[PDB]
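S.K.: Dumping the structure here so I can ask a few things about it.
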Amino acid sequence: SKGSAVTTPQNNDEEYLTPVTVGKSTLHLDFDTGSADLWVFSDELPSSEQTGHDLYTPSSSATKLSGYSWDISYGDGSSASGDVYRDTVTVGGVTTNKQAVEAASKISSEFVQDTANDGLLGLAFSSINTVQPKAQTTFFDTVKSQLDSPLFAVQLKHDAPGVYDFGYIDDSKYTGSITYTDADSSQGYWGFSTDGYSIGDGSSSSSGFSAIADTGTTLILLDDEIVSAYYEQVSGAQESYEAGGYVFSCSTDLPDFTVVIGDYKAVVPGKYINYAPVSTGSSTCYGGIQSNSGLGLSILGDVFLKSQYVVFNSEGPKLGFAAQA
Ligand SMILES: *[C@H]1O[C@H](CO)[C@@H](O)[C@H](O)[C@@H]1O
Ligand SMILES: *[C@H]1O[C@H](CO)[C@@H](O)[C@H](O)[C@@H]1O
Ligand SMILES: [Zn+2]
Ligand SMILES: [Zn+2]
Ligand SMILES: [Zn+2]
Ligand SMILES: [Zn+2]
């Protein structure tokens, strides 16, 4: 068994949604390789919270996990909690009837006021799922032995639908060979260790660093020392507080950011680090690379992933990288 599903980005690629059949209802979930919970909007929510969102409707065979509960919080003061159900979930043709579904009956603003987003599908390691009293398996993990190969690949596109492959690699999605690196699951994430980086045509930095691959995150969050070195090559850039991070003229084209992985160069086009205007029709533009200060962890998000074909292989574990076709 294998399958592929299409993912379309919101506005300026701020969150990629993917159709997923949960129960009998079809929802549009956000695939996050940074978390391990699968939660959706439930009927138990306030009507004014439901508005703008498809809600989860149990199957006739589903079974409510009595006594269990789940609660999660993310990067910002963004929470969600609720009950747990054992229903059927279908993603790109791969089906399972023992997937745990986390129904939310209480959530934060960010979620409620994000019409269209109907919840999340976590693809990190199951060890960090938050269900209680017994943690549950992610979807991938749950269908792992139904897949021709125990892996999945992602191909995110800029301002265009990408794709999530389950259990197989589509050779038409990348050019040249796949380079593999050992994944560090120590914190429950798909971590890895780049050997260095390179700003524009500069000379690569032998000094490596530890990073996680988080599809659920829009930007590239690195250590301040690196950010500062980067924007030093962007004319007119400034640490505009009361705006989030660094900004510069939209007309400016920033240099590429290369991430060295063994002998492979994962080059993020400068064009993608010119994220978007701080305001409608604004003159200045927000950068794709900001500071990870406050998380203490380096994250390579959608901006980095928009140029790679990434393979998440449970065997090792390991991550594979290839220049997107
Ligand atoms: C309850 O839900 C299941 C899943 O869609 C169906 O197979 C059944 O016929 C009934 O609608
Ligand atoms: C950014 O653009 C300015 C243009 O004034 C240059 O002076 C600088 O070296 C960098 O290329
Ligand atoms: Zn198959
Ligand atoms: Zn929807
Ligand atoms: Zn995430
Ligand atoms: Zn370039």
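To be explicit about the labels: the chains of the structure tokens are called A, B, and onward in the order shown, and within each one the residues are counted from 1, while ligands get numbers from 1 in the order they are shown.
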So which residues are near ligand 3, meaning at most 8 Å away with only C-alpha atoms and all ligand atoms counted, given back as a ChimeraX atom specification?
M.R.: /A:1-2,146-148,167
S.K.: With C-alpha atoms retained, could you export that selection as an mmCIF file, in the first residue's frame?
M.R.:
```cif
data_model
loop_
_atom_site.group_PDB
_atom_site.id
_atom_site.type_symbol
_atom_site.label_atom_id
_atom_site.label_comp_id
_atom_site.auth_asym_id
_atom_site.auth_seq_id
_atom_site.Cartn_x
_atom_site.Cartn_y
_atom_site.Cartn_z
ATOM 1 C CA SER A 1 0.000 0.000 0.000
ATOM 2 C CA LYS A 2 1.078 3.527 -0.967
ATOM 3 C CA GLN A 146 0.790 -1.335 5.343
ATOM 4 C CA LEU A 147 3.214 0.802 3.365
ATOM 5 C CA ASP A 148 5.473 -0.720 0.718
ATOM 6 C CA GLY A 167 5.325 4.611 1.538
#
```
S.K.: Env of residue 165 in chain A: 8 Å cut, atoms = only C-alpha atoms, seq-sep filter 4 positions within chain, self excluded. Answer as a PyMOL selection string.
M.R.: chain A and resi 2-5+152-154+169-170
S.K.: From the list A:313, A:211, A:251, A:280, which residue is nearest residue 295 in chain A when using only C-alpha atoms?
M.R.: A:211
S.K.: What does the structure give for the distance between CA of residue 47 in chain A and CA of residue 111 in chain A, in Å to one decimal?
M.R.: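 Result for CA of residue 47 in chain A versus CA of residue 111 in chain A: 13.9 Å, one decimal.
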S.K.: Please identify all protein, DNA and RNA residues within 10 Å of ligand 6, counting only C-alpha atoms and all ligand atoms, and report them as a VMD selection string.
M.R.: chain A and resid 200 to 201 254 to 258 267 to 271
S.K.: Include N, CA and C atoms and write out the residues we just selected as a PDB file, in the first residue's frame.
M.R.:
```pdb
ATOM      1  N   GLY A 200      24.991  33.240   0.302  1.00  0.00           N
ATOM      2  CA  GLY A 200      25.244  33.637  -1.074  1.00  0.00           C
ATOM      3  C   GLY A 200      26.418  32.874  -1.664  1.00  0.00           C
ATOM      4  N   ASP A 201      27.381  33.611  -2.225  1.00  0.00           N
ATOM      5  CA  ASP A 201      28.553  33.023  -2.862  1.00  0.00           C
ATOM      6  C   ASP A 201      29.711  32.967  -1.876  1.00  0.00           C
ATOM      7  N   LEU A 254      17.468  39.067  -1.893  1.00  0.00           N
ATOM      8  CA  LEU A 254      18.435  38.642  -0.884  1.00  0.00           C
ATOM      9  C   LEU A 254      19.239  37.446  -1.385  1.00  0.00           C
ATOM     10  N   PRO A 255      20.409  37.183  -0.814  1.00  0.00           N
ATOM     11  CA  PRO A 255      21.263  36.124  -1.378  1.00  0.00           C
ATOM     12  C   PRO A 255      20.764  34.743  -0.981  1.00  0.00           C
ATOM     13  N   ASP A 256      21.170  33.717  -1.735  1.00  0.00           N
ATOM     14  CA  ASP A 256      20.710  32.377  -1.376  1.00  0.00           C
ATOM     15  C   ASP A 256      21.313  31.980  -0.029  1.00  0.00           C
ATOM     16  N   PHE A 257      20.653  31.026   0.618  1.00  0.00           N
ATOM     17  CA  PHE A 257      21.145  30.485   1.883  1.00  0.00           C
ATOM     18  C   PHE A 257      21.385  28.995   1.672  1.00  0.00           C
ATOM     19  N   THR A 258      22.649  28.587   1.701  1.00  0.00           N
ATOM     20  CA  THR A 258      22.955  27.179   1.485  1.00  0.00           C
ATOM     21  C   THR A 258      23.180  26.438   2.797  1.00  0.00           C
ATOM     22  N   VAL A 267      20.294  24.417  -1.379  1.00  0.00           N
ATOM     23  CA  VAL A 267      20.242  25.854  -1.591  1.00  0.00           C
ATOM     24  C   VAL A 267      18.835  26.449  -1.596  1.00  0.00           C
ATOM     25  N   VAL A 268      18.585  27.298  -0.604  1.00  0.00           N
ATOM     26  CA  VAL A 268      17.355  28.075  -0.510  1.00  0.00           C
ATOM     27  C   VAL A 268      17.510  29.350  -1.342  1.00  0.00           C
ATOM     28  N   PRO A 269      16.761  29.462  -2.431  1.00  0.00           N
ATOM     29  CA  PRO A 269      16.875  30.642  -3.293  1.00  0.00           C
ATOM     30  C   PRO A 269      16.665  31.926  -2.500  1.00  0.00           C
ATOM     31  N   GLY A 270      17.446  32.967  -2.809  1.00  0.00           N
ATOM     32  CA  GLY A 270      17.240  34.241  -2.140  1.00  0.00           C
ATOM     33  C   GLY A 270      15.807  34.718  -2.276  1.00  0.00           C
ATOM     34  N   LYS A 271      15.180  34.372  -3.395  1.00  0.00           N
ATOM     35  CA  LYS A 271      13.818  34.793  -3.688  1.00  0.00           C
ATOM     36  C   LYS A 271      12.827  34.328  -2.621  1.00  0.00           C
TER      37      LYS A 271
END
```
S.K.: For a quick check of understanding, using only C-alpha atoms, which of A:223, A:240, A:174, A:197 has the smallest distance to residue 321 in chain A?
M.R.: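 Between A:223, A:240, A:174, A:197, the residue approaching residue 321 in chain A most closely is A:174.
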S.K.: With distances taken over only C-alpha atoms, which of A:92, A:176, A:67, A:34 is nearest to residue 322 in chain A?
M.R.: A:176
S.K.: Would you mind listing what lies within 10 Å of residue 135 in chain A as a ChimeraX atom specification, with only C-alpha atoms counted and same-chain residues fewer than 3 positions away left out?
M.R.: /A:36-37,68-70,100,126-132,138
S.K.: Residues as selected, N, CA and C atoms, written as a compact mmCIF listing (two decimals), in the first residue's frame, can you do that?
M.R.:
```
# COMPACT_ATOMS: atom_id res chain seq x y z
N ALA A 36 3.13 15.31 17.14
CA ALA A 36 2.70 13.92 17.04
C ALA A 36 1.24 13.71 17.43
N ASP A 37 0.44 14.77 17.43
CA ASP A 37 -0.99 14.62 17.71
C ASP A 37 -1.80 14.84 16.44
N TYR A 68 -9.80 8.92 28.39
CA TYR A 68 -8.64 9.56 27.78
C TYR A 68 -8.92 11.03 27.48
N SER A 69 -7.81 11.77 27.41
CA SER A 69 -7.84 13.20 27.17
C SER A 69 -6.53 13.65 26.55
N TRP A 70 -6.52 14.84 25.97
CA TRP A 70 -5.33 15.36 25.30
C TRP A 70 -5.23 16.87 25.44
N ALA A 100 -6.14 6.98 16.23
CA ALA A 100 -6.70 7.78 17.32
C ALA A 100 -6.97 9.20 16.83
N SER A 126 5.97 9.22 17.64
CA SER A 126 4.87 8.95 18.54
C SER A 126 5.20 9.13 20.02
N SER A 127 6.48 9.07 20.38
CA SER A 127 6.80 9.16 21.80
C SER A 127 6.30 10.46 22.42
N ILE A 128 6.11 11.49 21.60
CA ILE A 128 5.71 12.79 22.16
C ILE A 128 4.22 13.10 21.97
N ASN A 129 3.42 12.13 21.53
CA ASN A 129 1.97 12.33 21.46
C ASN A 129 1.51 12.78 22.85
N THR A 130 0.39 13.48 22.99
CA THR A 130 0.04 13.97 24.32
C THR A 130 -1.19 13.30 24.93
N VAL A 131 -1.72 12.27 24.27
CA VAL A 131 -2.92 11.64 24.82
C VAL A 131 -2.62 11.00 26.17
N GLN A 132 -3.63 10.99 27.03
CA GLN A 132 -3.55 10.38 28.36
C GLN A 132 -4.81 9.59 28.68
N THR A 138 1.07 8.07 15.87
CA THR A 138 0.67 9.00 14.80
C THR A 138 0.04 8.20 13.67
```
S.K.: Find the residues near residue 75 in chain A: any atom within 12 Å, counting only C-alpha atoms, skip ones fewer than 5 places away on the same chain, and give them as a short mmCIF file (atom, residue, chain, number, x, y, z; two decimals) with N, CA and C atoms, in the first residue's frame.
M.R.:
```cif
data_model
loop_
_atom_site.label_atom_id
_atom_site.label_comp_id
_atom_site.auth_asym_id
_atom_site.auth_seq_id
_atom_site.Cartn_x
_atom_site.Cartn_y
_atom_site.Cartn_z
N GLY A 34 6.51 18.31 13.06
CA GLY A 34 7.06 18.83 14.29
C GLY A 34 6.28 18.41 15.52
N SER A 35 5.10 17.84 15.34
CA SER A 35 4.24 17.38 16.42
C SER A 35 3.74 15.96 16.15
N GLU A 110 -5.91 31.91 17.75
CA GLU A 110 -5.17 31.63 16.51
C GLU A 110 -5.86 30.55 15.67
N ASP A 214 10.64 20.88 10.32
CA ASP A 214 9.26 21.06 10.76
C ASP A 214 8.41 21.67 9.66
N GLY A 216 5.32 22.13 9.65
CA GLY A 216 4.31 22.95 10.26
C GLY A 216 4.76 24.37 10.55
N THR A 217 6.01 24.69 10.24
CA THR A 217 6.56 26.02 10.50
C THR A 217 6.91 26.70 9.18
N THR A 218 6.47 27.94 9.05
CA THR A 218 6.64 28.72 7.84
C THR A 218 8.08 29.11 7.57
N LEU A 221 14.19 29.30 11.39
CA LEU A 221 14.63 29.88 12.66
C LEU A 221 16.01 29.39 13.05
N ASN A 292 15.78 32.24 16.35
CA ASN A 292 15.11 31.18 17.10
C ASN A 292 15.11 31.49 18.60
N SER A 293 15.59 32.68 18.94
CA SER A 293 15.60 33.09 20.34
C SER A 293 14.20 32.97 20.94
N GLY A 294 14.07 32.16 21.99
CA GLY A 294 12.80 31.90 22.64
C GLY A 294 12.38 30.45 22.50
N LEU A 295 13.05 29.72 21.62
CA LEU A 295 12.81 28.31 21.43
C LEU A 295 14.09 27.54 21.77
N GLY A 296 15.20 28.25 21.63
CA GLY A 296 16.53 27.72 21.89
C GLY A 296 16.89 26.57 20.96
N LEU A 297 16.10 26.39 19.91
CA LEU A 297 16.28 25.30 18.95
C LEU A 297 16.16 25.82 17.52
N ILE A 299 15.23 25.71 13.68
CA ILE A 299 14.19 25.06 12.89
C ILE A 299 14.26 25.45 11.41
#
```
S.K.: Give me, please, the distance in Å between CA of residue 123 in chain A and CA of residue 109 in chain A, quoted to one decimal.
M.R.: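 Result for CA of residue 123 in chain A versus CA of residue 109 in chain A: 23.7 Å, one decimal.
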S.K.: Can you list, as a PyMOL selection string, every protein, DNA or RNA residue that comes within 9 Å of residue 235 in chain A when you count only C-alpha atoms, leaving out same-chain residues fewer than 5 positions away?
M.R.: chain A and resi 248-249+252+254
S.K.: 10 Å from ligand 4 is the threshold here; counting only C-alpha atoms and all ligand atoms, which polymer residues fall inside it? Answer as a PyMOL selection string.
M.R.: chain A and resi 17-20+25-29+52-56+115-119
S.K.: Enter the distance from CA of residue 190 in chain A to CA of residue 112 in chain A, in Å, rounded to one decimal.
M.R.: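 Interatomic distance, CA of residue 190 in chain A to CA of residue 112 in chain A: 28.1 Å.
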S.K.: Quick one: everything within 12 Å of residue 192 in chain A, counting only C-alpha atoms, minus sequence neighbours fewer than 3 positions away in the same chain. Send it as a PyMOL selection string.
M.R.: chain A and resi 180-189+195-196+208-214+259-262+297-300+312+317-321
S.K.: Select the residues contacting ligand 1 at a distance of at most 9 Å, based on only C-alpha atoms and all ligand atoms, then format the selection as a VMD selection string.
M.R.: chain A and resid 23 to 25 58 to 62 87 to 88
S.K.: Now that the selection is made, can you save its residues with N, CA, C and O atoms as an mmCIF file, in the first residue's frame?
M.R.:
```cif
data_model
loop_
_atom_site.group_PDB
_atom_site.id
_atom_site.type_symbol
_atom_site.label_atom_id
_atom_site.label_comp_id
_atom_site.auth_asym_id
_atom_site.auth_seq_id
_atom_site.Cartn_x
_atom_site.Cartn_y
_atom_site.Cartn_z
ATOM 1 N N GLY A 23 -13.216 9.815 9.830
ATOM 2 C CA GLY A 23 -14.588 9.358 10.056
ATOM 3 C C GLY A 23 -15.343 9.341 8.738
ATOM 4 O O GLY A 23 -14.861 8.739 7.773
ATOM 5 N N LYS A 24 -16.498 9.991 8.667
ATOM 6 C CA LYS A 24 -17.222 10.079 7.400
ATOM 7 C C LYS A 24 -17.036 11.442 6.733
ATOM 8 O O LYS A 24 -17.286 11.599 5.535
ATOM 9 N N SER A 25 -16.596 12.423 7.512
ATOM 10 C CA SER A 25 -16.396 13.786 7.050
ATOM 11 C C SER A 25 -14.998 14.021 6.505
ATOM 12 O O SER A 25 -14.012 13.506 7.023
ATOM 13 N N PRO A 58 -17.994 11.614 13.637
ATOM 14 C CA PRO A 58 -17.644 10.219 13.879
ATOM 15 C C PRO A 58 -18.314 9.259 12.900
ATOM 16 O O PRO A 58 -19.390 9.531 12.359
ATOM 17 N N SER A 59 -17.655 8.106 12.699
ATOM 18 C CA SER A 59 -18.208 7.024 11.900
ATOM 19 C C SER A 59 -19.182 6.181 12.723
ATOM 20 O O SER A 59 -19.254 6.303 13.951
ATOM 21 N N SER A 60 -19.930 5.315 12.058
ATOM 22 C CA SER A 60 -20.845 4.432 12.775
ATOM 23 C C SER A 60 -20.100 3.333 13.523
ATOM 24 O O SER A 60 -20.677 2.662 14.381
ATOM 25 N N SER A 61 -18.825 3.142 13.208
ATOM 26 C CA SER A 61 -18.022 2.092 13.826
ATOM 27 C C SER A 61 -16.993 2.656 14.798
ATOM 28 O O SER A 61 -16.385 1.907 15.562
ATOM 29 N N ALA A 62 -16.821 3.972 14.764
ATOM 30 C CA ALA A 62 -15.899 4.640 15.675
ATOM 31 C C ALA A 62 -16.203 4.263 17.127
ATOM 32 O O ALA A 62 -17.312 3.827 17.452
ATOM 33 N N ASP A 87 -11.287 6.127 15.277
ATOM 34 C CA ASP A 87 -12.019 6.112 14.016
ATOM 35 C C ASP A 87 -11.118 5.725 12.844
ATOM 36 O O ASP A 87 -9.946 5.427 13.062
ATOM 37 N N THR A 88 -11.713 5.755 11.661
ATOM 38 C CA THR A 88 -11.084 5.484 10.388
ATOM 39 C C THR A 88 -10.563 6.758 9.723
ATOM 40 O O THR A 88 -11.296 7.738 9.593
#
```
S.K.: Counting only C-alpha atoms and all ligand atoms, which of A:243, A:40, A:237, A:124 gets nearest to ligand 5?
M.R.: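 Of the candidates, the smallest distance to ligand 5 is held by A:124.
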S.K.: Which residues are close to residue 161 in chain A, i.e. within 8 Å by only C-alpha atoms, leaving aside same-chain residues fewer than 3 positions away? Reply as a count of residues only.
M.R.: 7
S.K.: Among the residues of range 51-124 of chain A, find those DSSP assigns to helix (DSSP H, G or I) from the backbone and print them as a list in words.
M.R.: residues 109, 110, 111 and 112 of chain A
